[PDB]
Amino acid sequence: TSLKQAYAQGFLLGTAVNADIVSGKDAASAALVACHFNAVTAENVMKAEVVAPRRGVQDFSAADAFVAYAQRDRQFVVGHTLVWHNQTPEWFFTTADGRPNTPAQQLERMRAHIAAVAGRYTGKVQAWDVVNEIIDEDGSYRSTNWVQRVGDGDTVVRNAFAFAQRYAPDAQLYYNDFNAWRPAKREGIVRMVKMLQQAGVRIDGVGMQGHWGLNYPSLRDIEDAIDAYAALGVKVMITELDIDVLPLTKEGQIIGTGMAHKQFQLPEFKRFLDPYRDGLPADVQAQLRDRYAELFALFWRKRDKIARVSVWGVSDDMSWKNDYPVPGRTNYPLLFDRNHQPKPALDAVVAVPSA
């Protein structure tokens, strides 16, 4: 009957929560969270640009509210995220005098931030996304702000997990990335985890972001990924699951701000890229059902290798996929609709465990 109850024997079944769920303002959603989920990940309020926006300033207010909220409702608290190239202010990568950070100054900035964030929520937050999205599509390290300023991809990852181990020794430490099903990217993640383990550094599991669609990815890629990770003696998790149903975006995951271009808001593109403003049609609503069904059928079959599955939101209006990568669209990615009612996709998902 309930998502967390039906999947109780398999894995934790969680969701992302925004400020409005945590504040109580979104009453309808917060009610669904307590009913259906046993893990919460703070959508945004734990990122570095909210936590330490400028030099000399801190803001833990919203994150403190999130942690307290989860404990109150008995949730498996997941912090997200400690070290990430996006949503991290310019001052993290420069000295007070404007100079780009030396390898030592960059790691000190990493150490201090982890100690500030993870060290604050010891015993309260159970799991940390330590490094988020550092591997490229070819499997190598991404030339990101962190990687450039430190100077070595292996060094960035290795230190972040060691700092998290020091300042939150109680907490599980996860690597989290998108397109973790891609063979070339997968082999890179394995490589990185294997260097962490032989270094003696702690890492509890790899999180597959699961930001997928109707026509991607293949179950082969997903299964082969879950296998490849579990074989390294670490947990596997689907951490931010949603199913994009709109044109173009259902075909593959898009990054960057190219789709945010002014030109795609023009009528001819508006009328193609956002075709479901009046509502989701019977057949596409059925597709979304079948797609969720086959994926959870996979997760439940592989239940021994998966510690947690989380949807990146409760109701469709909450979703980041309405305004990303194309602002102003009406997407239908999650398991509950805009009236907070169950979607025919949910009924299938709850059926999977007993099926």
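Throughout, we count residues from 1 along the sequence that is shown.
Which is higher on mean Cα B factor in this entry, 95-103 or 173-181?
According to the PDB entry, the answer is 95-103.
If you average the Cα B factors in the entry, which is higher, 323-331 or 24-32?
24-32 has the higher mean C-alpha B-factor.
Specify which of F264, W128, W212, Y141 carries the largest Cα B factor in the deposited PDB entry.
Each of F264, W128, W212, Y141 was compared by C-alpha B-factor; the highest is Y141.
So among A39, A307, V311, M318, who wins on Cα B-factor in the entry?
Comparing C-alpha B-factors across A39, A307, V311, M318, the top value belongs to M318.
Name the third of the chain's ranked CA B-factors that contains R149, choosing lowest, middle or highest.
Answer is highest: the recorded C-alpha B-factor places it there.
Modelled-residue ranking by C-alpha temperature factor, third containing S218
Its C-alpha B-factor belongs to the lowest third of this chain's values.
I243's Cα B-factor: lowest, middle or highest third of the chain?
Tercile = lowest for this residue's CA B-factor.
Which third, lowest, middle or highest, does the CA B-factor of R120 fall in along this chain?
It belongs to the middle third of the chain when residues are ordered by C-alpha B-factor.
Taking the C-alpha B-factors as the PDB entry records them, is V206 in the lowest, middle or highest third of its chain?
Lowest third of the chain for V206's C-alpha B-factor.
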